[PDB]
Each structure stands twice: as structure tokens, then as C-alpha cells.
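For reference, the chain that follows is the form deposited in one PDB entry, supplied as C-alpha cells.
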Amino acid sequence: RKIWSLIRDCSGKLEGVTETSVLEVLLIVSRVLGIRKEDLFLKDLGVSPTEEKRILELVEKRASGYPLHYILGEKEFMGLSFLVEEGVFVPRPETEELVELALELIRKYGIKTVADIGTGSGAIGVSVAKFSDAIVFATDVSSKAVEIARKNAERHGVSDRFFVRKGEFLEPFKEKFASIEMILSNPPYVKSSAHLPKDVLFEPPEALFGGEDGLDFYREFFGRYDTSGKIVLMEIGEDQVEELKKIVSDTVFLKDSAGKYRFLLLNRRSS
């Protein structure tokens, strides 16, 4: 009944799932009481019996290794709140740095037309539209990614400059291909073998795995599309540089904050 001993006993159940258990319980509590992270600092009290069971239910869930932001319904990315749900890849902080590089190439070159392949929640394309004048054409294989990328564009007021269509690669936007000046993606780039079948996966496997190699996506993309006149900027795996060089030579690779190779960049824009 007293909320802080609930917080303290819950935090211990999440010990083996996260480094920040008190925080996750604070976020879950807030999510269930429908209150604000910030307004949890009432020194005595605040919790009903239905509310109590609910929190313990979600805490047991989280203890199984189920993603926190699925429970929260939301993930913060580039300072914006993206809705997420079971069935959508949850945006990662690493990807922020792709967006900042993208915005900087838009600023330098006066780019008006961008694509986001594999848009998921809309994280890249929506942020790009929110913070530039560019129009963004986005795709995904998943109906749930499409529906949610749409609602996130609406949520951040860029439904007029961010358009999502179900399909693979840029197949649904064939008629726009010539006008597209920059193609961005954070594609599935994980090896099929990095998943031991004993371990649970809570995110959609089409969002994570690029065949045995981890490179299927890049092989098919760079075999199917002529990128003359275009800039391609895509998140990659850690150990994938040398093998990528064999798929698309001419590429530059960029290190992230943490000092490792995370993005490929193929600038074939003319003068």
C-alpha cells in the first residue's frame, strides 16, 4: 500500500535484467498511475490495490527480459517521444548519430528529398523531417512499423513531409527514385548465428537479422539500386567494414562517439 516500499521491493526483482532497477520501477510506476516521473516525489503515499497488482504484473514481465519501452509504450529518440509497441524495433541511441550526420549533409548540400529504408518506428525519417525542410519517403516490410511510423509522424506534426509505404527497399517508391537525393537506413545487420535458440527474442526477427553473414540487406540493396548522383548513409555492424568493402567499394566508413566503425557513407552527388 505505501508506494516507496513497493518501489524498493520491485527494484530487487529487476537486478539481473538491468543496471538501473530503481529507475525502471519508477518509470513503470509512473506509467501505471498515469502520473509524471517528476511528480513521484510525494514523501508518504499514492497507490490502490488494482494499481498494486498491475505494477507487480509489469515488474514480473520485465524480470523475464521483456523490453521496458514496450511496457512504457514510448521511447525517447533525438529528444522526441516515439510510440513503440510489441512488434516494432525500439530505437537505439547509436542511431541518433546517423541522424545528426544526415542533418549535417542536408545543411551542407541543400538536400530536399530523403528516403528512410526500414523505417520501424519512424525514428530516422521523422526526426529528419522534424529538424529540416526535407521531405522523407519511408518504407518497411512490416505493417505494424508502417502504422506506427505514420502515428509518430502525426505526433510530431510532419505528416505533410513524411510518407510511409509498406514494401521492401524502395520498391514502393519507384517513381520517386530519380528525385531522391539521399537514402538513409538502419537496417537489420545481425548474423543469424549470434542468436542461440535457447535465448528469448522479444523484438521482430526481420528487424534484426541479415542472414548468415549479417550482410544480406546491403548485398541486395547495392545489387539492385544505381546510386549515381545520390548519397547513401547506413548504420552497420561493428566488425563488418572489410566485408562491406567487397560489396560496395568506394565507400567511406565513419566512427561513432565510442571510437568504433558504425556508418557507411557513399557520396556520389555531383558538381
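Counting begins at 1, following the sequence as shown. Think of the rigid core as the biggest set of C-alphas that the two forms share within 1.5 Å after superposition.
The same protein has a further form, the form deposited in another entry, not shown here; the description that follows concerns it.
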item	value
Moved residue between this form and the one not shown - picked from 175, 199, 133, 160, where its Cα shifts 2 angstroms or more relative to the rigid core	199
Exceeds or equals 2 Å, Cα of residue 246 between this form and the one not shown, core fit	no
Rigid core superposition, residue 223 Cα moves 2 angstroms or more between this form and the one not shown	no
Yes/no, residue 50 Cα shift of 2 Å or more between this form and the one not shown with rigid core fixed	yes
Note on residue 192-residue 199 C-alpha separation in the other entry, which departs from the shown form by 3 angstroms or more	farther
